[PDB]
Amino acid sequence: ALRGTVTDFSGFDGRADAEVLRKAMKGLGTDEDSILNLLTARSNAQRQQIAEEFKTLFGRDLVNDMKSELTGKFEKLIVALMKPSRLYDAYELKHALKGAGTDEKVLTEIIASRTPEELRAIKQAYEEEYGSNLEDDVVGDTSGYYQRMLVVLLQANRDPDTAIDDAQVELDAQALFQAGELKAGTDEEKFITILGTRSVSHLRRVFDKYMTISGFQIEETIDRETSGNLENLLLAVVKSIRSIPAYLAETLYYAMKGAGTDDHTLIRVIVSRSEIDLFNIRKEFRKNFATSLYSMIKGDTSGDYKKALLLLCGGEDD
């Protein structure tokens, strides 16, 4: 159903490509153009084979060489495209946690939009790489109900998608109604359990039924009922339950919409989704924000950075 914008290259010859990359870096200067035109046109799997060939041909590390030749945002963008798919989210997560500061925005974004299937892989990939337990790192860097919601999510235990049980839809909407609007204060525990564990098809029916019953969209109650990270988290979850692409098209938009740009978010969403559903993200960006993602990246970015990005995203009309 989903569609990314980067696919496997047809006449792939990892050895030929590595040679092109060597030339682009050998001697004085760099042919950034040759680099970017090549790398944004191979799938992540192919980029791993190229790095492999490069090492057996020249005994040099493709990524470490690039880190020496490139600079600024282009570098960061090229370094991210080189990260093996199975490892990127883990890498972004580890980096949001580590340090004297945590980027809850990153924690929220990845954990809420990734499916249980993806969360399990991410958890494995994370432990094998940093020799730490993701849950334990999140738990230690966060607190309150925000932390709880994240753990519930990390269990990747969401119920499966069965035929919808109306009595059950009714029950859950009423429960949410009683846990928030009809209450002085909030029963966050009830929101966490219903939002974090019920199936996706079930919750979509509950969101609607809840509108019917209360006159509010669950999003408005959340905003009325909560604050801080828990609010952002719950909104992210609700948004992703409705449509992950749509939720991501929106975090992309707010990354640029502001004055300058949140390049880390721009890089992270475009790269991480390039081979999953970036095409869908593009479509949702047009519908809801009037302009294609292309036109928007095009005006906020520049340099080879802008060229690579536009080449990865593509679609001038979306």
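Position 1 is the first residue in the sequence shown; the rest follow in order.
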Greater mean Cα temperature factor according to the PDB record, 291-299 or 10-18: 291-299
Selected stretch [higher average CA B-factor]: 169-177 or 230-238: 230-238
Using the entry's values, work out which of 116, 84, 196, 131 has the largest Cα B factor. 131
Just grab whichever of 95, 148, 205, 158 has the top CA B-factor as deposited. 95
Of the three thirds of Cα B-factor ranks in this chain, residue 190 occupies the lowest
Residue 200 CA temperature factor, ranked by third within the chain: lowest
Considering only modelled residues of the same chain, in which third does the CA B-factor of residue 56 rank: lowest, middle or highest? middle
Residue 47: CA B-factor among chain residues, third -> lowest
CA B-factor ranking of residue 218, expressed as a third of its chain: lowest
